[PDB]
Amino acid sequence: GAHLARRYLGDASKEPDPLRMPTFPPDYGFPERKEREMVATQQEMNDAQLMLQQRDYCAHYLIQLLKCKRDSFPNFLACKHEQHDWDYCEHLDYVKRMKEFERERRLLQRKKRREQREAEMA
Amino acid sequence: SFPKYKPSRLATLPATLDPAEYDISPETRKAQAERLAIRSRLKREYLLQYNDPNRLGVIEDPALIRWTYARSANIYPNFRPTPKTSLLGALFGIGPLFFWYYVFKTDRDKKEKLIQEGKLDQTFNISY
Amino acid sequence: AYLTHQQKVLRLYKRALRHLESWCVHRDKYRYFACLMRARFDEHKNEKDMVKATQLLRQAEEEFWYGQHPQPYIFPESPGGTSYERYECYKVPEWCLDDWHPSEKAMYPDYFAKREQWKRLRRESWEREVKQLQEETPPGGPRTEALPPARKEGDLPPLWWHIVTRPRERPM
Amino acid sequence: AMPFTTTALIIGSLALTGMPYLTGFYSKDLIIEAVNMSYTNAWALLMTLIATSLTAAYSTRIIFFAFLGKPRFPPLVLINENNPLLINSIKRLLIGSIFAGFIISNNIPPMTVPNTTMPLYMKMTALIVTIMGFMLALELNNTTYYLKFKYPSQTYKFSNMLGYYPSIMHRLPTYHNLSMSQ
Amino acid sequence: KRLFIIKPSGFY
Amino acid sequence: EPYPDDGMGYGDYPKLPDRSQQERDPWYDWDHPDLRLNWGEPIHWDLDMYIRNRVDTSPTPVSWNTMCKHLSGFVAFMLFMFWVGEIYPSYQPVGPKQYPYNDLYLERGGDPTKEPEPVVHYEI
Amino acid sequence: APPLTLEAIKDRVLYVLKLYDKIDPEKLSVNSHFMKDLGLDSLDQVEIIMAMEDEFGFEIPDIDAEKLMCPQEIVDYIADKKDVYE
Amino acid sequence: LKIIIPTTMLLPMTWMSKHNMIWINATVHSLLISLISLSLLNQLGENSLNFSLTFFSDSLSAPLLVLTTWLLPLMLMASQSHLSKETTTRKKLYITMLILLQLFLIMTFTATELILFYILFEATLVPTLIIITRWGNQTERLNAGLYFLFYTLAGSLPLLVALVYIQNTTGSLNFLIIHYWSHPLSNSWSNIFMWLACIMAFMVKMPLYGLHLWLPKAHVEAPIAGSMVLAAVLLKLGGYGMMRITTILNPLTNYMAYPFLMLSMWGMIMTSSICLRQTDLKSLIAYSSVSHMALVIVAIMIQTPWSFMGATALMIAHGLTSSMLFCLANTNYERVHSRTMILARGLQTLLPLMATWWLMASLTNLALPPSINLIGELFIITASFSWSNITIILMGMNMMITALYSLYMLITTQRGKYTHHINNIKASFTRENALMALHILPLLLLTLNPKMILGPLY
Amino acid sequence: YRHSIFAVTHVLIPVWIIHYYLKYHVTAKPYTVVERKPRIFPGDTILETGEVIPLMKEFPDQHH
Amino acid sequence: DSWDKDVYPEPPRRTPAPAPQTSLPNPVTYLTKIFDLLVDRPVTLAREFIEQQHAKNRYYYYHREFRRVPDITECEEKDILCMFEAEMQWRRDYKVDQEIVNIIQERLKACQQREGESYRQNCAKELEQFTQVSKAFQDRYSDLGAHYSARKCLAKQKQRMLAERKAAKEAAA
Amino acid sequence: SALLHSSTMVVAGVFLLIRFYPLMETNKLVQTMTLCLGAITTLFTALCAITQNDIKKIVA
Amino acid sequence: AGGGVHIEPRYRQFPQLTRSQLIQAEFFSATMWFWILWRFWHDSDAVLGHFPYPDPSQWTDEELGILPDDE
């Protein structure tokens, strides 16, 4: 997207290096660090056979989806709202993933702003 | 316009593009006369043996028998130990054998060097 | 023996517009450029000078090699076609028939009886046709692969069995 | 002349091109939505984009030349497809090529992470790309209808010989190695 | 109208 | 044309033109239609080389030098800047897969006895 | 596919030659020699045989093309090539 | 021991029997003796089956003898194409040589003494040159005998001097005694030549790249009976020898193996590539045998458990198929009276069943799974790969060519268009078809349980 | 009858010996036939144990 | 059962109760019941007929126990008599140890599929057992070559002891 | 050609890598040629299909 | 082959068609046009995208928690 255009054609310091987010300390800038919690526990998370890529923060919205899908067999046309909840969490996972990328980008912009102002101030 | 179609060993030049084909002349005119005349006799006695009612056998082709001898037995009777054959014999003979010797020995000593202090991993390498 | 000045242009025309058909595809497009190919072919009909005529062969072929379809079109039955020598799997020579077991030839008795009569015709006409051949061969064998016809009545044309008893193009 | 085969190929090719809510779309366009949005090699996302345009391109050419256009076949017409063995054979996968896409997509358990949030342009580009694949190829196919001679292009010569690979790799390496054999 | 087809002797 | 008597045992065997059987006219009546080869006439020293099944040297519409240049130029274009492609990967402005249970340390084969380094990630 | 009889193939060649504009649709004959009787030339034979090779699907060889210039002898070669017997 | 006496007992059998019953009587008793031989794969565990002071058997020998005892019926019906016109005494003496040949191979594998093995090992030669030269067909069969025998003795004779040297040093060479009273081989220069003398004798009867000129010079011109027996078991006589003699040649084997296994490695690609460019049909199987035979040279050289099993598996499997392709060579050669490959083509449209035997023969020699050819070849690859990782690029590249010439013979002979002027091929008798069947069925139905074939290390 | 006579000799006599092969020869040897244990989800009950796996705790109440 | 569930251990199986919430009839329930009442019963009657017939006569076999014999170590040098017995036990132990690693592999083979997607966790102990079995097997018979023997294995055994004792001596200091 | 190498045989080669997927994804490097190989193959094979003429060549 | 086929081999004309041959032609054409765009009306979301993608400029530094260049 746009990030690729600025990173490659232009300066790459304004764009995060794709293998390194987050670089700036997450605690700095984020008070009240009540870290991202889990509604499901690894016990039933293991008992419900879930592939590691599917073992994301949206885990609670796959397990119950697999439940109703199994119990509604063979009515594959049912269990859509539960499916609707699933991609909504994955959507929420994606937006907060965008927030993390842009937070790094804004810190990168601020990090340059802090340094040159401190550099050529004399 | 269009430069040419340059022939090669595997991309031969067609008779249509052949200049000498379009350069017909009297002395080569009679030269192509016996081409078919030789062919005509070779088609005559072949067909004569081909359609003979009492022909119960295989019509031996002297050209085929000549080809077999030339490619199977005649090579040494007309071989000459000229210098060129020696380089070709040496390059395609002990050449690759010693080349693979350098490759195989180097790995074997390298592998033996690595295991003798245990860098190579044989945690589950038992079926040697 | 000879591809003289007559046939060379005749073959050249044949491969020329066949490639054009492979190019134009559409019939209306093909017809326009075919008659142009024809009209441009005979615009220099009166070219008594053979050296220029052979020269006119040169600008006929080299751009034909440039202008030929990189995927030339060939009908299935002709050299390069998708069906050339496709049915050789079924074409078995006629001589395999006499090897059939008594049960196998009693399977089709009328054909074998007629086949025996066909074998008769070859047997007592072979010596006549080879003798007829010999008395009409030029010295030093034949000067042309073409076979002479049947000179007199009764005798079959020389060397006729295989060209007559050739397996059918569609044997199954 | 042959409507049953006509219907089968058009909807067969449309699945091949990724007609939305058909058998092809549920896989091919879902794949395009997946590959373009990932950590992958730079241009490597452009064949599957460009090839899909070419994937639709030869589908239009095969429809235009073989079925549309004028009947350039030999004058004696023996064509026939009324044999029930054909009609049932095509029809058996026909309802498959129309209705399978749904009956595998919904029932199987979710085993891949679902692509939920993406930009609008590349999410639709799985369908857009085939559009100019339909469009540009259609105009290029129509150029045969325009009454004017066609110059043999160098790139056209490249494509006609299978991109030159069979001509060379089946001539040079095979001759050299086996000539060494003698 | 069908024609006789030649085949190798399969009895043996 | 006897073969060059350089050092080999070709003998007096003639050098037929190095042309494949395919170049022979299909329409001409051949005694061996499979090989397109007649009876009695000299056969090439490399008849198996130039049989229809094996190596064919029939002329091509475009020259052999241009034959390889476009092919080599093609693959060279692929590999040379596929390297440029891999050094400038294409992706989306996305972050790492934030995962629970210490990035699934236990369930990704990690040793349960040794306490893992805590990998945690707060909201935004 | 049903085979084509001698009458049928002679009828098929009858249609294509009659359609030809250079010949006249009332003088056409089965034994009418092309270049003399119908007043054709050598560079009319070539386009005749491809128009003959078209509706039949196969290719008569070039070596047999220059001598393929009689409508009765036209069908004789094709009937020989397909061994179709009524 | 119960195999040998009936095998000798067939000597009066053929020599006395009625003028027309000699082949019938010989064929049956060769078929019945496969019974008592078939009780030799009947085996205990790791301990070998020692049933006499001078004779013993193990899981390495057991597949070999049942191959030879089975083999003799194959050469019996194989010779029933061109021995009919010969006189009775010559016909009887042909069986004498084949039966005398059995008596030797049946005894070398059971020999429990190195010299007794060697005495009988090279004793098999005398019946052979009688077969190749007396009953050969072409002209250079005379040169065939000289090339075959002189190559063999030039390597076998230094082995005899080596064996008596071991006899004087350690005291005995009984196959068990040397195993139990093993002694590491020092790197002394003298031991190098003793190692070379011990191995070279089996190398020459193991066509190596350079020591293989007698392979195309014997198999091609030998009679049909002599062709298969020389290619199916005779080449394996060295194979039995090297598997046994290596017990006293360590650790000198590993350092000294590089000049030999590599020459086999490079030549095995070369020899397979030779088959790609051939004009004589019988030369294909001869050269194909060289490449397949040279494959186990590497396996024995590594002295790896997997390699030895793969060597034995390929050893018997190659012998069975190489004999088969020689039968198919005979039938085509008899019908056309020539050995040229390109002469007889399109034979499948005339002999459909014979094409199927050609199909199965070339496809088994192609070594597809699960055929014994593949499992023997695959075990060699895994053992070779463990020895060195580059080994796959070479021995794998052999399988490249191996599939090529195997199908090349099938395509040019059976497939294609028949040549028109050959008016000699009749329908195949029940003899060759049964001969092909008796070759193909034991190979296929051994595939279900091949553990009789892997060897003692299994 | 054609369908049924084909069925008995092509779908009955196979499963006759196939089921004999697994249930009494193959399954008689352990670790020959191995099965995925069905994925139990919070709230399911086990036929033998009868204990219910506790339902997973309150969802964050995500609604669109 | 026929085997023992300690050397071929099987983790307890948990299968959920069938709770079809949908109202439309479940097909899978139908296929099993026709399968059970049309195929499973007739083969059971054939089997029970077999079992009662097999119970009509009862021939038995037993276990071949081999008593311990001195190994090649205490075997006298150049003494062929006890060397043969010592070699016989060593190779018989090779067959036994070969089956031991087969049992662990079969235990390892069954574990991974049985655990399915979560094979990384409930099979770690199985992986550990295979790791030490393989490691100790390499200390035991391995790399001796085609002509392995009790003496050669003893030679490798001595080589380890000299190396480990010397290394422990210098490291301890 | 409609059964073997249009729908069944040719896809069996792809079927090998997927059956080995639990092991394949561990090595990042091995995936780079899979993207590389599959990419150029799509471009080349489609490139030939554009200007081919044989009814089966286009679809093959 | 045999005279009396359900369709007769004509020459250079439009071949005869049976009514039954046509019925299945637009039957599958109609059902395919039914299928591909009825489900379009059902869950159009699938070829629309269920969630809009906001550009990364409009988000304020509150949620990102990123202070300006002031302190």
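Residues numbered from 1 in each chain as written, not as in the entry; some residues may be left out. Chains lettered and ligands numbered in written order. Part of a larger assembly, values for the part shown. Heavy atoms only, no water.

## Some details on the overall build of chain F
Put simply, the rule reads: Secondary structure elements follow DSSP: runs of H or I no shorter than four residues count as helices, runs of E no shorter than two count as strands, and numbering proceeds from the N terminus. Radius of gyration: C-alpha atoms only; globule rule: 2.2 Å multiplied by the number of residues to the exponent 0.38. Burial status follows relative accessibility: with a 1.4 Å probe on protein chains alone, a residue under 20% of its type maximum counts as buried, one over 50% as exposed, and anything between as partly exposed.
A count of helical and extended segments in chain F gives two helices and zero strands. Taking 14 Å as the expected radius of gyration for a compact globule of 124 residues, we find that chain F reaches 33 Å, considerably beyond that expectation. Projected onto the principal axes, the alpha-carbon positions of chain F cover approximately 90 × 35 × 35 Å. When the 124 residues of chain F are sorted by exposure, 48% land in the buried category.

## Remarks on the overall build of chain L
The criterion, for reference: Computed with the Shrake-Rupley method and a 1.4 Å probe, the accessible areas treat only the protein chains shown as cover for residues. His is not counted, nor are the chain ends, whereas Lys and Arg count as positive and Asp and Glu as negative. Every charge is mapped to an atom, namely NZ of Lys, CZ of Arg, CG of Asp or CD of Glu.
If you tally the helices and strands in chain L, you get two helices and zero strands. A compact globule built from 71 residues should have a C-alpha radius of gyration of about 11 Å, whereas chain L, at 31 Å, is more than 25% larger. Along the three orthogonal principal directions, the C-alpha set of chain L runs to about 100 × 25 × 20 Å. By the burial criterion, 24% of the 71 residues in chain L qualify as buried. As displayed, chain L offers around 4900 Å² of accessible surface, 64% of which is attributable to carbon and sulfur atoms. When the 4 basic and 11 acidic side-chain charges of chain L are each reduced to a single mean position, those positions are 49 Å apart.

## Let's talk about unusual backbone geometry
The peptide bond linking A:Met21 to A:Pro22 adopts the cis configuration, its omega dihedral lying at -5 degrees. Relative to the assigned elements, A:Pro22 resides in the loop between α1 (2–8) and α2 (42–47). The omega torsion of the bond from H:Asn250 to H:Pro251 falls at 0 degrees, within 30 degrees of zero and hence cis. Along the chain, H:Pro251 turns up in the loop between α11 (224–245) and α12 (252–256). The backbone of A:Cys79 sits at a positive phi, close to 60 degrees, despite the residue not being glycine. Checked against the element boundaries, A:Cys79 lands in the loop between α3 (60–71) and α4 (81–119). A:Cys79 gets classed as buried once you look at its relative accessible area, which sits at 6%. For D:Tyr21, which is not a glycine, the phi torsion comes out positive at approximately 65 degrees. Judged by relative accessible area, D:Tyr21 falls into the buried class, the value being 1%.

## Focus: the interface of chain F and chain B
The cut-off we apply is this: By definition, residues are in contact when any of their heavy atoms lie within 4.5 Å. By definition, the buried area sums, over both parts, the 1.4 Å-probe accessible area that each loses when the two are put together. Should a side-chain nitrogen of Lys or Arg be within 4 Å of a carboxyl oxygen of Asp or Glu, the pair is scored as a salt bridge. What qualifies as a polar contact is a pair of N or O atoms within 3.5 Å, subject to a donor-acceptor requirement within protein and to the restriction that residues adjacent in sequence count only when both atoms come from side chains. Classification used: nonpolar for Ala, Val, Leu, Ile, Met, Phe, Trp, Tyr, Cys and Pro, charged for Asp, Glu, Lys and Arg, polar for all others including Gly.
Counting residues at the interface gives 35 residues for chain F, matched by 31 residues for chain B. Both faces considered, chain F and chain B share a buried interface measuring about 2800 Å² in area, 57% of it formed by carbon and sulfur atoms. Its largest share of buried area at the contact with chain B, chain F owes to F:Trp39, F:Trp45 and F:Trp64, together 26% of the area lost on that side. Our enumeration of links across chain F and chain B arrives at four salt bridges. We note a salt bridge from B:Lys43 to F:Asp31, for which the minimum N-O separation is 2.9 Å. Connecting chain F to chain B are 13 residue pairs in polar contact. When grouped by side-chain class, the residues that make up the side of chain F that touches chain B number twelve nonpolar, twelve polar and eleven charged.

## Side note on the packing of helix α1 (residues 3–17) of chain D against helix α4 (residues 84–105) of chain D
Residues and elements named next belong to chain D. What counts here: Axes here mean lines fitted to C-alpha atoms, for a helix over just the part in contact, with angles spanning 0 to 180 degrees between N-to-C directions. Throughout this description, any angle smaller than 35 degrees is read as roughly parallel, any larger than 145 degrees as roughly antiparallel, any in the 65 to 115 degree range as roughly perpendicular, and the remainder as oblique. Handedness of a crossing follows from how the near helix is turned relative to the far one, being left-handed for an anticlockwise turn of less than a right angle and right-handed for a clockwise one.
Where α1 contacts α4, the axes come no closer than 11 Å and their chain directions differ by 30 degrees. The angle between α1 and α4 falls in the class roughly parallel. As for the relative orientation of α1 and α4, their crossing is left-handed in sense. Residues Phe 4, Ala 8 and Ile 11 of α1 lie in contact with α4, whose contacting residues are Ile 87, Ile 90, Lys 91, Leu 94 and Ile 98. Classifying every residue of the contact of α1 with α4 by side-chain character gives seven nonpolar, no polar and one charged.

## Examining the pattern of salt bridges
All told, the structure shown has 55 salt bridges over all chains when counted by the stated rule. A salt bridge links F:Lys97 to A:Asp56, with the nearest nitrogen and oxygen atoms 3.4 Å apart. With F:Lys97 in the loop between α1 (64–87) and α2 (100–104) and A:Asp56 in the loop between α2 and α3, this pair bridges two chains. We classify F:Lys97 as partly exposed; its relative accessible area is 33%. With a relative accessible area of 2%, A:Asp56 lands in the buried category. In this structure, F:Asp46 and H:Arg277 form a salt bridge, with 2.3 Å as the shortest nitrogen-oxygen distance. Of this pair, F:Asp46 sits in the segment before α1 while H:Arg277 sits in the loop between α13 (258–276) and α14 (281–302), each in a different chain. Among the residues examined, H:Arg277 registers a relative accessible area of 4% and is labelled buried.

## Some points on a nonpolar patch on the surface
Definition in use: Grouping into patches uses exposed residues only, defined as over 30% relative accessible area, and leaves out salt-bridged ones; the cut-off is 9 Å for like charges and 5 Å for nonpolar side chains (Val, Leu, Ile, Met, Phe, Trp, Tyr).
Taken together, the side chains of H:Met21, H:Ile24, H:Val28, H:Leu31, H:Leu32 and H:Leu35 define a hydrophobic patch exposed on the protein surface, amounting to about 500 Å² of accessible area. For H:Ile24, the position within the fold is in helix α2 (residues 22–38).

## Notes on the arrangement of the chains
Considering only C-alpha positions, the minimal separation of the non-contacting chain H and chain I is 18 Å. No interface is formed between chain H and chain L, the nearest pair of C-alpha atoms being 27 Å apart.

## What to know about the interface of chain D and chain G
With four residues of chain D at the interface, the matching set in chain G holds four residues. Buried surface at the junction of chain D and chain G, summed over both partners, amounts to about 310 Å²; 70% is from carbon and sulfur atoms. Linking chain D to chain G there are zero salt bridges. Between chain D and chain G we count zero residue pairs in polar contact in total.

## Side note on the environment of F:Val119
Residues and elements named next belong to chain F. Structurally, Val 119 can be placed in the segment after α2. You can call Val 119 partly exposed: its relative accessible area is 39%. Each C-alpha atom, one on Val 119 and one on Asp 103, is 6.4 Å from the other, the two residues being 16 residues apart in sequence. When near neighbours in sequence (up to four residues on either side) are disregarded, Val 119 contacts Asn 102 and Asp 103.

## Focus: helix α3 (residues 124–139) of chain J
What counts here: Each helix should span, by expectation, one fewer than its residue count multiplied by 1.5 Å.
Taking 1.5 Å as the rise per residue, α3(J) with 16 residues should run 22 Å; its terminal C-alpha atoms sit 23 Å apart, in good agreement. As for α3(J), its buried residues are in contact with α2 (80–115) and α4 (150–172) of chain J.

## Description of the environment of F:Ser20
Residue and element names in this part refer to chain F. Within the element layout of this structure, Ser 20 appears in the segment before α1. By relative accessible area, which is 2% here, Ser 20 ends up buried. Along the primary structure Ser 20 and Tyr 3 are separated by 17 residues, whereas in three dimensions their C-alpha atoms are 18 Å apart. For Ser 20, the side chain forms a polar contact with the main-chain oxygen of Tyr 50, separated by 3.0 Å. There is a polar contact of 3.2 Å between the side chain of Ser 20 and the side chain of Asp 56.

## Remarks on the side chain of H:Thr321
Relative to the helices and strands, H:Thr321 is located in helix α15 (residues 305–336). Residues contacting H:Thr321, with those up to four places away along its chain left out, are H:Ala361, H:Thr364, H:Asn365 and H:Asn373.

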